[PDB]
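> Input structure: model02.cif, which contains mmCIF, C-alpha atoms.
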```
data_my_file
loop_
_atom_site.group_PDB
_atom_site.id
_atom_site.type_symbol
_atom_site.label_atom_id
_atom_site.label_comp_id
_atom_site.auth_asym_id
_atom_site.auth_seq_id
_atom_site.Cartn_x
_atom_site.Cartn_y
_atom_site.Cartn_z
ATOM 1 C CA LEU Q 634 105.338 113.692 125.920
ATOM 2 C CA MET Q 635 106.242 110.315 127.390
ATOM 3 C CA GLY Q 636 106.222 109.033 123.799
ATOM 4 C CA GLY Q 637 103.899 107.175 121.479
ATOM 5 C CA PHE Q 638 100.678 107.853 119.639
ATOM 6 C CA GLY Q 639 98.285 110.536 120.843
ATOM 7 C CA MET Q 640 94.638 109.834 120.138
ATOM 8 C CA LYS Q 641 91.367 111.604 120.773
ATOM 9 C CA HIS Q 642 89.761 108.150 120.994
ATOM 10 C CA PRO Q 643 92.407 105.710 122.200
ATOM 11 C CA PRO Q 644 91.830 102.014 122.850
ATOM 12 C CA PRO Q 645 88.992 102.028 125.365
ATOM 13 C CA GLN Q 646 89.262 101.055 128.990
ATOM 14 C CA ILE Q 647 88.291 97.460 129.707
ATOM 15 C CA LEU Q 648 86.823 97.094 133.181
ATOM 16 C CA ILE Q 649 86.321 93.809 134.993
ATOM 17 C CA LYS Q 650 84.915 92.864 138.371
ATOM 18 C CA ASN Q 651 83.885 89.793 140.309
ATOM 19 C CA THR Q 652 80.221 90.121 141.048
ATOM 20 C CA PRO Q 653 79.607 90.040 144.807
ATOM 21 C CA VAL Q 654 78.110 86.835 146.148
ATOM 22 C CA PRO Q 655 76.430 87.329 149.529
ATOM 23 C CA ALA Q 656 76.999 84.992 152.410
ATOM 24 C CA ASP Q 657 73.945 83.652 154.219
ATOM 25 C CA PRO Q 658 71.578 86.523 155.077
ATOM 26 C CA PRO Q 659 69.622 86.594 158.336
ATOM 27 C CA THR Q 660 66.180 85.050 158.424
ATOM 28 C CA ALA Q 661 64.501 88.257 159.600
ATOM 29 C CA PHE Q 662 64.461 91.175 157.201
ATOM 30 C CA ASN Q 663 67.003 93.944 157.640
ATOM 31 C CA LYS Q 664 67.194 96.992 155.392
ATOM 32 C CA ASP Q 665 70.963 97.461 155.675
ATOM 33 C CA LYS Q 666 73.065 96.607 152.668
ATOM 34 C CA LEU Q 667 74.755 93.244 152.970
ATOM 35 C CA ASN Q 668 78.348 93.511 154.171
ATOM 36 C CA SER Q 669 78.955 89.741 154.379
ATOM 37 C CA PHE Q 670 80.188 88.017 151.238
ATOM 38 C CA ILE Q 671 81.744 84.787 150.078
ATOM 39 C CA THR Q 672 85.487 85.163 149.558
ATOM 40 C CA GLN Q 673 86.081 84.828 145.884
ATOM 41 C CA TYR Q 674 88.447 85.461 142.989
ATOM 42 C CA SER Q 675 88.633 84.732 139.286
ATOM 43 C CA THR Q 676 91.211 83.762 136.681
ATOM 44 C CA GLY Q 677 91.303 83.353 132.943
ATOM 45 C CA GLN Q 678 93.060 84.204 129.720
ATOM 46 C CA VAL Q 679 93.307 87.416 127.721
ATOM 47 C CA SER Q 680 94.118 87.733 124.047
ATOM 48 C CA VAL Q 681 95.136 91.046 122.516
ATOM 49 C CA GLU Q 682 95.667 91.233 118.761
ATOM 50 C CA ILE Q 683 97.031 94.433 117.225
ATOM 51 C CA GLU Q 684 97.608 95.029 113.536
ATOM 52 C CA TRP Q 685 100.526 97.373 112.882
ATOM 53 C CA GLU Q 686 101.220 99.236 109.649
ATOM 54 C CA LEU Q 687 104.832 99.465 108.508
ATOM 55 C CA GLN Q 688 106.773 102.085 106.579
ATOM 56 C CA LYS Q 689 109.707 100.552 104.713
ATOM 57 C CA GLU Q 690 113.194 101.996 104.294
ATOM 58 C CA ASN Q 691 113.779 103.460 100.823
ATOM 59 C CA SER Q 692 117.355 104.618 101.485
ATOM 60 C CA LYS Q 693 120.097 105.035 98.863
ATOM 61 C CA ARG Q 694 122.825 105.101 101.529
ATOM 62 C CA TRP Q 695 125.915 103.258 100.315
ATOM 63 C CA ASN Q 696 127.584 102.288 103.564
ATOM 64 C CA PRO Q 697 126.069 99.831 106.054
ATOM 65 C CA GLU Q 698 123.980 101.208 108.899
ATOM 66 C CA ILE Q 699 123.688 100.925 112.650
ATOM 67 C CA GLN Q 700 121.387 98.095 113.701
ATOM 68 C CA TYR Q 701 120.362 96.730 117.061
ATOM 69 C CA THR Q 702 122.304 93.555 117.883
ATOM 70 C CA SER Q 703 123.019 91.033 120.538
ATOM 71 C CA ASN Q 704 126.665 90.789 121.507
ATOM 72 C CA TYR Q 705 128.365 87.452 120.831
ATOM 73 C CA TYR Q 706 130.606 87.458 123.915
ATOM 74 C CA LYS Q 707 130.013 84.755 126.499
ATOM 75 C CA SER Q 708 127.824 85.557 129.458
ATOM 76 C CA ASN Q 709 126.216 83.667 132.325
ATOM 77 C CA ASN Q 710 122.736 84.438 131.047
ATOM 78 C CA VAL Q 711 121.132 85.085 127.701
ATOM 79 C CA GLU Q 712 119.814 88.620 127.358
ATOM 80 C CA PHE Q 713 116.014 88.790 127.199
ATOM 81 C CA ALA Q 714 115.765 85.233 128.470
ATOM 82 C CA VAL Q 715 114.751 83.492 131.639
ATOM 83 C CA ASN Q 716 116.963 83.284 134.715
ATOM 84 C CA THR Q 717 118.312 80.173 136.383
ATOM 85 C CA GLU Q 718 115.534 80.812 138.923
ATOM 86 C CA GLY Q 719 112.920 81.344 136.245
ATOM 87 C CA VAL Q 720 112.933 85.141 136.288
ATOM 88 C CA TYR Q 721 112.541 86.881 132.961
ATOM 89 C CA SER Q 722 114.345 90.187 132.686
ATOM 90 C CA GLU Q 723 114.860 92.935 130.149
ATOM 91 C CA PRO Q 724 118.502 94.016 130.413
ATOM 92 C CA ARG Q 725 118.394 97.244 128.402
ATOM 93 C CA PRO Q 726 115.944 99.802 127.115
ATOM 94 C CA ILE Q 727 115.575 99.503 123.343
ATOM 95 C CA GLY Q 728 114.531 102.481 121.246
ATOM 96 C CA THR Q 729 113.405 102.471 117.656
ATOM 97 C CA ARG Q 730 116.023 104.670 116.000
ATOM 98 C CA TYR Q 731 118.782 102.829 114.136
ATOM 99 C CA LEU Q 732 118.117 103.348 110.450
ATOM 100 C CA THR Q 733 118.845 106.794 109.055
ATOM 101 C CA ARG Q 734 117.213 109.335 106.774
ATOM 102 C CA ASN Q 735 118.312 112.548 105.164
ATOM 103 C CA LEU Q 736 117.047 115.675 106.819
ATOM 104 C CA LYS O 323 134.426 118.722 73.849
ATOM 105 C CA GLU O 324 137.966 117.421 74.190
ATOM 106 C CA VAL O 325 140.908 119.544 75.319
ATOM 107 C CA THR O 326 144.453 118.630 74.332
ATOM 108 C CA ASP O 327 147.516 120.570 75.452
ATOM 109 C CA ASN O 328 150.789 120.242 73.563
ATOM 110 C CA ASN O 329 153.147 122.800 75.053
ATOM 111 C CA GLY O 330 151.441 125.846 76.533
ATOM 112 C CA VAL O 331 148.914 125.570 73.693
ATOM 113 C CA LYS O 332 145.485 123.979 74.001
ATOM 114 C CA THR O 333 143.328 122.646 71.183
ATOM 115 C CA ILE O 334 139.590 122.143 71.619
ATOM 116 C CA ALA O 335 137.773 119.630 69.438
ATOM 117 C CA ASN O 336 134.424 117.904 69.458
ATOM 118 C CA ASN O 337 134.226 114.416 70.868
ATOM 119 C CA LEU O 338 131.160 113.127 69.087
ATOM 120 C CA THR O 339 130.827 109.792 70.873
ATOM 121 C CA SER O 340 131.213 111.114 74.397
ATOM 122 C CA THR O 341 128.189 111.212 76.618
ATOM 123 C CA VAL O 342 126.738 113.264 79.448
ATOM 124 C CA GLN O 343 124.593 111.612 82.085
ATOM 125 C CA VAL O 344 121.687 113.216 83.901
ATOM 126 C CA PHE O 345 119.123 112.202 86.476
ATOM 127 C CA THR O 346 116.628 113.805 88.800
ATOM 128 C CA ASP O 347 116.358 112.721 92.397
ATOM 129 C CA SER O 348 112.616 112.228 92.333
ATOM 130 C CA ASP O 349 112.366 110.228 95.544
ATOM 131 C CA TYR O 350 114.393 112.847 97.433
ATOM 132 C CA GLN O 351 116.973 110.221 98.331
ATOM 133 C CA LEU O 352 119.896 112.619 98.264
ATOM 134 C CA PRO O 353 120.827 115.457 100.593
ATOM 135 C CA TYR O 354 118.907 118.413 99.233
ATOM 136 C CA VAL O 355 121.145 121.459 98.775
ATOM 137 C CA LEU O 356 118.789 123.630 96.716
ATOM 138 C CA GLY O 357 117.079 125.021 99.822
ATOM 139 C CA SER O 358 120.210 126.780 100.961
ATOM 140 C CA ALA O 359 120.723 129.964 99.047
ATOM 141 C CA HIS O 360 123.708 129.253 96.846
ATOM 142 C CA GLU O 361 125.444 130.666 93.839
ATOM 143 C CA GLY O 362 125.222 128.791 90.574
ATOM 144 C CA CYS O 363 121.715 129.803 89.550
ATOM 145 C CA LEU O 364 120.694 130.357 85.986
ATOM 146 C CA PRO O 365 121.774 133.944 85.273
ATOM 147 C CA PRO O 366 119.091 136.637 85.407
ATOM 148 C CA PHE O 367 120.177 137.934 82.065
ATOM 149 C CA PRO O 368 119.387 135.496 79.259
ATOM 150 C CA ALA O 369 122.522 136.109 77.199
ATOM 151 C CA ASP O 370 124.962 135.168 79.963
ATOM 152 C CA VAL O 371 126.608 131.750 79.866
ATOM 153 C CA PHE O 372 126.999 130.105 83.242
ATOM 154 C CA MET O 373 129.013 127.367 84.873
ATOM 155 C CA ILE O 374 127.164 124.485 86.494
ATOM 156 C CA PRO O 375 127.995 124.284 90.218
ATOM 157 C CA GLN O 376 129.573 121.238 91.790
ATOM 158 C CA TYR O 377 127.350 119.027 93.914
ATOM 159 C CA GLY O 378 128.441 118.200 97.441
ATOM 160 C CA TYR O 379 126.775 117.393 100.715
ATOM 161 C CA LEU O 380 127.313 117.183 104.446
ATOM 162 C CA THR O 381 126.491 114.414 106.875
ATOM 163 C CA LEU O 382 126.866 114.060 110.638
ATOM 164 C CA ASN O 383 130.179 115.011 112.178
ATOM 165 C CA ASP O 384 131.949 115.258 115.490
ATOM 166 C CA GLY O 385 134.589 117.888 114.965
ATOM 167 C CA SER O 386 136.205 116.913 111.688
ATOM 168 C CA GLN O 387 135.487 113.221 112.297
ATOM 169 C CA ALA O 388 132.430 111.256 111.224
ATOM 170 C CA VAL O 389 130.269 109.004 113.355
ATOM 171 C CA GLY O 390 128.809 105.646 112.412
ATOM 172 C CA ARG O 391 125.471 107.249 111.695
ATOM 173 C CA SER O 392 127.064 109.329 108.912
ATOM 174 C CA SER O 393 125.925 108.298 105.453
ATOM 175 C CA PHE O 394 127.861 108.234 102.199
ATOM 176 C CA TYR O 395 126.131 108.524 98.833
ATOM 177 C CA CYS O 396 127.369 107.426 95.431
ATOM 178 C CA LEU O 397 125.507 109.249 92.700
ATOM 179 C CA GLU O 398 126.522 106.543 90.249
ATOM 180 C CA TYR O 399 124.222 104.232 92.193
ATOM 181 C CA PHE O 400 121.182 105.920 90.758
ATOM 182 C CA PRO O 401 119.959 105.233 87.232
ATOM 183 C CA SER O 402 120.684 108.111 84.884
ATOM 184 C CA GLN O 403 120.131 108.885 81.226
ATOM 185 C CA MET O 404 123.191 109.010 78.982
ATOM 186 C CA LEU O 405 123.257 111.641 76.258
ATOM 187 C CA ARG O 406 125.426 112.053 73.210
ATOM 188 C CA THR O 407 125.125 115.079 70.931
ATOM 189 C CA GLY O 408 121.682 114.626 69.473
ATOM 190 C CA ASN O 409 120.127 113.294 72.658
ATOM 191 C CA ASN O 410 117.972 115.494 74.841
ATOM 192 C CA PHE O 411 116.468 115.279 78.299
ATOM 193 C CA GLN O 412 113.234 116.486 79.824
ATOM 194 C CA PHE O 413 110.918 115.944 82.752
ATOM 195 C CA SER O 414 107.856 117.549 84.271
ATOM 196 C CA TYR O 415 107.068 118.402 87.865
ATOM 197 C CA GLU O 416 103.930 119.388 89.753
ATOM 198 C CA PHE O 417 104.249 121.741 92.683
ATOM 199 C CA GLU O 418 102.228 120.563 95.637
ATOM 200 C CA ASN O 419 99.602 122.895 97.049
ATOM 201 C CA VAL O 420 101.320 125.846 98.707
ATOM 202 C CA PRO O 421 99.591 129.035 99.920
ATOM 203 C CA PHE O 422 99.797 132.128 97.765
ATOM 204 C CA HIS O 423 102.631 134.417 98.695
ATOM 205 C CA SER O 424 101.199 137.652 100.031
ATOM 206 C CA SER O 425 102.270 140.342 97.570
ATOM 207 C CA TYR O 426 100.360 143.055 99.435
#
```
How would this structure read if it were set down as structure tokens?

Amino acid sequence: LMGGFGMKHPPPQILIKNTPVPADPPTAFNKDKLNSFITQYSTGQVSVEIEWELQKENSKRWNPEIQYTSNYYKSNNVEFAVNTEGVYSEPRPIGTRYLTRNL
Amino acid sequence: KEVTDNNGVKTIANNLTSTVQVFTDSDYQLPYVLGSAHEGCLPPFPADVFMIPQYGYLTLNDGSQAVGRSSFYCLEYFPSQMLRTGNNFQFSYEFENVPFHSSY
């Protein structure tokens, strides 16, 4: 209902964790689980590659259609670009529905 | 046929080199008006001669005005077969699987 593709078997969940590294244990045995760990974090890169299938427009419509565009008029910033402070922003929601079909 | 009117008197003659043009919309690229129940069918009685109905279509409106999403269609922008007297036209069609109507 929020939109998109419903699937019985969607892309699976990808779970990641830093494995705990204990700090120095005591030299006499203790049965309690170790609550003392080395402070730790990880970084890396992720690649996601999705192949998308397209359905072309076959239309016989004579007149030109509505299309999504940028507006030429001068502005302080470029839409869908970085800020003067380095902040990327998305100025507007963009749907998919521009081209037309008969009903 | 050609119709000439002189004064209040019309003469009908054959025009042998004139053509009729015909096409099917096989890709369903036109507004489909056959699914609304309209006059202009072939007559139930085989000896009756019938007029062919005029094709028209509707697109989006706001009141009497149109919006930018409204689409205009030129039927000349399709390929069609041209027919003089002595030319004929035919095509075949397969119905897709549809359930039996229940006649019980």
> For chain Q against chain O, which residues fall within 12 Å using only C-alpha atoms, given as an MDAnalysis selection string?
chainID Q and resid 690:700 730:736
> If you apply the PyMOL selection byres ((chain O and resi 410-422) around 12) to this file, what residues do you get, as an NGL selection string?
:O and (341-348 or 402-409 or 423-426)
> What's the separation between atom CA of residue 702 of chain Q and atom CA of residue 714 of chain Q, in Å to one decimal place?
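So the answer is 15.0 Å.
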> How many Å separate atom CA of residue 729 of chain Q from atom CA of residue 713 of chain Q?
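Value for the atom CA of residue 729 of chain Q-atom CA of residue 713 of chain Q distance: 16.9 Å.
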> State, in Å with one decimal place, the distance from atom CA of residue 709 of chain Q to atom CA of residue 721 of chain Q.
14.1 Å
> Do you know which residues the PyMOL selection byres ((chain Q and resi 649-661) around 6) returns on this file, as a ChimeraX atom specification?
/Q:648,662,669-671
> For residue 644 of chain Q, which residue out of Q:673, Q:725, Q:681, Q:718 is the nearest one, using all atoms listed in the file?
Q:681
